[PDB]
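Which chain is which? The protein sequence lines are A and C, in order. Yeah, the first sequence ends on 1041 if you go by the authors' numbering, and it's all consecutive. Yeah, the second sequence ends on 793 if you go by the authors' numbering, and it's all consecutive. Note that beta-carbon positions come from the ideal geometry of N, C-alpha and C, so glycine has one too. To start, the structure itself, in structure tokens.
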Amino acid sequence: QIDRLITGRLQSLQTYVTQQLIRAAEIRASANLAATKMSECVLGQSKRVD
Amino acid sequence: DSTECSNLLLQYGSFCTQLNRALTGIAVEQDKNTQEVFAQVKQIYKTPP
């Protein structure tokens, strides 16, 4: 019984961690965009349309 | 179409719920992608004859 419970809970934890990894990657992409926008659009004037 | 199997599956919890949620997220992100790429013009212009 204990083994079966361990397996189930372990699978749940695996799923959660993987979901977190993917979401963190997307957030990092957005943060890189924000940094680029701030550097090229506040510290100077940009000529890139829209 | 197996009631006993559904009863067994109920014991695992919310695994299938997480999966449906994720696939719906992807399915809406796709339409977000196409609108962002194409819907950049406010009006519909037309070339003269």
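What is the rounded straight-line gap between the Cα of residue i and the Cα of residue j?
| i | j | result |
| --- | --- | --- |
| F782/C | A766/C | 25 Å |
| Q755/C | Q1002/A | 14 Å |
| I1013/A | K790/C | 43 Å |
| residue 1064/A | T1009/A | The structure shown does not extend to residue 1064/A, since chain A spans only 992 to 1041, so no value can be given for it. |
| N751/C | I788/C | 56 Å |
| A1022/A | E748/C | 48 Å |
| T778/C | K786/C | 16 Å |
| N764/C | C1032/A | 40 Å |
| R1000/A | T1006/A | 10 Å |
| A1026/A | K1038/A | 17 Å |
| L1004/A | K776/C | 30 Å |
| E780/C | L1034/A | 27 Å |
Could you please give the first and the last residue of the uninterrupted alpha helix (DSSP H) stretch that includes residue i?
| i | result |
| --- | --- |
| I1018/A | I993 to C1032 |
| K776/C | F759 to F782 |
| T747/C | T747 to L754 |
At a CB-CB cut-off below 8 Å, which residues of chain A make contact with residue i?
| i | result |
| --- | --- |
| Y756/C | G999 |
Residues of chain C with a CB under 8 Å from the CB of residue i: which are they?
| i | result |
| --- | --- |
| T1006/A | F759 and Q762 |
Pick out whichever of the options has its Cα sitting closest to the Cα of residue i.
| i | options | result |
| --- | --- | --- |
| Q784/C | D1041/A, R1000/A and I993/A | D1041/A |
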